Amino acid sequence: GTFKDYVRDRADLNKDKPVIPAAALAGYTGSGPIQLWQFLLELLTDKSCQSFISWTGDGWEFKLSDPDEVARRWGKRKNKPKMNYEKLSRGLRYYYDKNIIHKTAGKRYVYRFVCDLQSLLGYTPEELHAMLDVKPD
């Protein structure tokens, strides 16, 4: 119904409680609008998003169980209704070149933050895995 009920209802489903909020991370880095890598870190730290995106238990490695869903939420967040994983994948190559995110060789739809994300976020991979109750693969 209203926004108050919208907040209530979603709270009952344990949504909107990411460890690393994208807007909060953008404020920390001073980027202004959220960027794709911050958007992914929010989903990856949102227990309600583990069905379509989650960590693998190996450091900063993560997988996209439903790559089409993560793209839909990225399009709805940036007013790109025609956003699909095909386009979203194009934008990920930027993060490959800057050594921020790398594809796990020999695994499809699997990536890893190869930057010193521990020094940036102040979290270890095992710490977030425990908070998020991640089951290693």
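We number the residues from 1 along the sequence you see.
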| query | finding |
| --- | --- |
| Of 108 to 116 and 25 to 33, the one with larger mean CA B-factor | 108 to 116 |
| Given 98 to 106 and 37 to 45, the range whose Cα B-factors average higher in the PDB entry | 98 to 106 |
| Residue 122 CA temperature factor, ranked by third within the chain | middle |
| CA B-factor placement of residue 92, once the chain's modelled residues are sorted into thirds | middle |
| Third assignment of residue 55 from its chain's C-alpha B-factors | middle |
| Where the record places residue 13 (Cα B-factor, split into thirds across the chain) | highest |
| Third assignment of residue 73 from its chain's C-alpha B-factors | middle |
